[PDB]
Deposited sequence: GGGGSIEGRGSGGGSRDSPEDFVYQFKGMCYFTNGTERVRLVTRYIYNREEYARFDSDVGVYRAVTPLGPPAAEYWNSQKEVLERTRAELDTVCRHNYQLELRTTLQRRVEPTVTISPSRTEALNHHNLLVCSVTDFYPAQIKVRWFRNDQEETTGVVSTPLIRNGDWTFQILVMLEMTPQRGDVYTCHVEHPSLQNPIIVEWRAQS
């Protein structure tokens, strides 16, 4: 069982970049993790290595004392974060996949295979937005660079009523509107 599983010691190093407002704001944080414990880190906003837990003092002290290493780390905001952002700008940041909108019988509007993440899916009854009986799933990450989201509508079909699912996404200049009648 879990108590007699093989012993494992795990190490993780995460070099992360944070981008806001295009290239206006850039921040990096490198994380040194033992098992699941982040014990030391470098935050470009702080400018020096800092111990996060009792395991980090020896590391943060030693690394801040290495002039070249310290300068190299501070310089990664440029050699890594800024440098790679330009590369994202010509590939990832331009990736656009239009959502496929489908409605099936209470009523489920399936918005599948889209990218980026930003989307707005709403239900309308006779061109009037539904404010209740609407439940959406969280944004679903497929792992293959596409997302999915399902929004259901609890309704009592009365004759003549026309239900529509409105979907807005950056890959679309015009909202996608799908109708459904009983």
property: Missing segments of the deposited chain sequence, listed N- to C-terminal; result: 1 to 13, 119 to 128, 206 to 207
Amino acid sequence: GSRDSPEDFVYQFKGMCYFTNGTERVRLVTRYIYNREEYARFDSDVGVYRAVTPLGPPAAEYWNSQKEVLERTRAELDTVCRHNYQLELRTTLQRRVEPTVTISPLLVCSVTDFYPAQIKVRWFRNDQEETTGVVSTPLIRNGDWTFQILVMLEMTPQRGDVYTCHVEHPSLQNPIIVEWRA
From here on, numbers count along this sequence of modelled residues.
item: Stretch with the higher entry mean CA B-factor, where the candidates are 121 to 129 and 41 to 49; value: 121 to 129
item: Of 64 to 72 and 27 to 35, the one with larger mean CA B-factor; value: 64 to 72
item: CA B-factor placement of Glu154, once the chain's modelled residues are sorted into thirds; value: highest
item: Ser104 - Cα temperature factor, lowest/middle/highest third of chain; value: highest
item: Within-chain third of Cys17 by Cα B-factor, per the entry; value: lowest
item: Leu139 - which third its CA temperature factor falls in, relative to the rest of the chain; value: middle
item: Ranked against its chain, the third holding the CA B-factor of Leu172; value: highest
